[PDB]
Structure formats: C-alpha cells, structure tokens
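A quick write-up on the structure given underneath.
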Amino acid sequence: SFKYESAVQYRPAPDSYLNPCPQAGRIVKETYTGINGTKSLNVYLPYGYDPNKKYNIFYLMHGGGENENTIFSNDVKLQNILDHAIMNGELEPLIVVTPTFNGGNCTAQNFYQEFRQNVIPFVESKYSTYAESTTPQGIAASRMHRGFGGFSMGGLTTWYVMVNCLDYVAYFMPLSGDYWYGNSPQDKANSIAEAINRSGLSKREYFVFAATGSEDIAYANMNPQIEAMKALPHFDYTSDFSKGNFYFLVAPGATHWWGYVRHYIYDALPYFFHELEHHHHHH
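Position 144 of the sequence shown, counted from 1, bears residue number 608 in my numbering, the numbering being contiguous throughout.
Okay, structure coming up:
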C-alpha cells in the first residue's frame, strides 16, 4: 500500500516485472480523425476494467523517431510493469494512453492542440474516466484525475501541454526533456509561472514529477530549468504531494534509453492522482 516519501529515490522495477503478468490489462488500438487528420493511439485498460467505475487517466508520449506503438512494443514493454504494479497493489488501476505527435501538421511542440480538441474527447467519451462529459466544462471539472507525461521529444510535448492545458490536466511527468520556450532557464520558469498565474490555480492543484538519468544528455538543459523553477513561489519542492507539488528524480548511471526510462514511470506514476481523490486512502 502506497505511502508518499519526501525524497523518493530511483529504483528499477524487479526484473520479473518486465515479463508478462497473468492479470494483463487490455490494450486497444484506436483510430480517430482530428485537426491533424486520421491518426491512431493505444489505450491501456487496467485488468478488471469496469466502465461503471471511474479511472484516473495518464497520457504518455513517445520520443523522437518513435510512434504510438513504441511504449507497448517489445522495445519497452511498459504494460508488463503496469500490469504487475497494479496486481501487486503498488499502483491504483488507471487508463494509460499512448498517442503520437506524428502525422499531418502535428509536431511534438504543437500536439497539445490536438490533445485538447480531439484526443481527450475521443478517448474519454469511450472509456470511463472522471469526466462526466467531454465538453470543455466536463474535461476541466475532472482535471485532478488527468495526467500527461512523455520521454525526450515527448518530454518537450509534456512541458507544452502543461503551459497550455493547466485547465485540463493536473499531473505532469516530463521525462528527459526540457521546455524549449525561452533564451534562459529563467525565461522558461517564468513562462510556466505565468501560465499558472493565468490559470488561477493554487499550488495544491498542479504537480510536476520530472525525471531523467544522470547520464542522460537531457540532464544538461533540464537541471538548470528545474533549479529556476525551484526558486518560484509556485512550486514547493518535495515528492510528498500531500505537502508539495514538485520533484526531480535523477537516476544514477541511467542513459537516454527506454530501458531506464520505463522505471522512472514505475517510480513516479504511483505518486499521481491521490490529491483530492474520491477514495478514502491514507498515503
């Protein structure tokens, strides 16, 4: 049963977590048409998915040169980690969506627009999230149970989703990617601060769990951005999200590779979706 730590440390999932679990969540390949044309994504449904229950939802973006199938492919096997963690009770059941920034006019930077208009309404009208409807109002009212994360170029996607979708999303997991809006770490932090100001949200209503490896080149630009954000009043640094809203996990020795990055998700995802949650839990 999960308890927050204030400075959680990197820990890979056990090797057995990388093999198939008997309690396997169903993965559905979807196709939809949006502002960037006809595209696909995958939806991971937790084992025992019951559409008359409501589930947290976490959208997770691939990196450069990859696609909507990568994260659940043999090259990453994230679903095995998800299956084992949910079965063992370390992670509460949730829906995980793997879309793509490929296709049409879509880019890693501009994906948030298609995310808002097409991806959320398509996925969350079909599956049971906390969204009672998928109008802008219904999506905004369920923001505390929606998260976005991604690796590398997908980490960049995550930062742009954050700056442009605080109204829709409360939890952010940028992995090995920095925010490319500004000519200094301070410009970056200030853009995020301004987005937060504009949203009207309190510090108890958005959470950032960032991560990378100590040997991942993304560290060079992330670390200064993280330090500049620490200095804002908008962030209270600690992985204990019952107390603060901002943490940066750096895995010793880890390089720029999904082999390591999948473990950041195993470490970080169980931290999401407990603040103002509808279940009665002690974390």
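Backbone N, C-alpha and C define an ideal beta-carbon position, used for all residues, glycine too.
| Query | Result |
| --- | --- |
| Three-pair Cβ contact test at 8 angstroms for the region 611-623 versus the region 516-527 | yes |
| Cβ neighbour criterion (16 or more within 10 Å) applied to residue 510 | buried |
| Short Cβ contact (9 angstroms threshold) for residue 554 with residue 466 | yes |
| Nearest-angstrom beta carbon gap, residue 620 and residue 572 [assumed within contact, 8 angstroms] | 5 angstroms |
| Residue 556 beta carbon less than 9 angstroms from that of residue 671 | no |
| Nearest-angstrom Cα separation, counted from residue 716 out to residue 528 | 23 angstroms |
| Rounded Cβ spacing between residue 607 and residue 645 (contact assumed at less than 8 angstroms) | Contact doesn't hold; Cβ gap of about 22 angstroms is too wide. |
| Three-way DSSP call (helix, strand, coil) for residue 737 in this model | coil |
| The region 647-661 in contact with the region 693-712 per 3-pair CB rule at 8 angstroms | yes |
| Counted within 10 angstroms of its Cβ, other Cβ atoms place residue 601 as buried (16 or more) or exposed | exposed |
| Residue 734 versus residue 475 - alpha carbon distance | 13 angstroms |
| Neighbour-count burial assignment, residue 564, 16 or more Cβ in a 10 Å radius | buried |
| Three-way DSSP call (helix, strand, coil) for residue 599 in this model | coil |
| Neighbour-count burial assignment, residue 677, 16 or more Cβ in a 10 Å radius | buried |
| Distance CB(residue 544)-CB(residue 486) smaller than 9 angstroms | no |
| Pick from 652, 618 and 603 that is closest to residue 629, judged by C-alpha positions | 603 |
| Cα-Cα separation between residue 567 and residue 579, rounded to whole angstroms | 13 angstroms |
| Residue 717: first and last residue of the uninterrupted beta strand (DSSP E) it sits in | From DSSP, residue 717 is part of no beta strand (DSSP E); its letter is neither H nor E. |
| Boundaries of the alpha helix (DSSP H) in which residue 585 is found, first to last residue | 584-590 |
| Inter-residue CB distance, residue 506 and residue 532 (contact presumed, cutoff 8 angstroms) | 6 angstroms |
| CA nearest to the CA of residue 729, picked from 594, 577, 635 and 501 | 635 |
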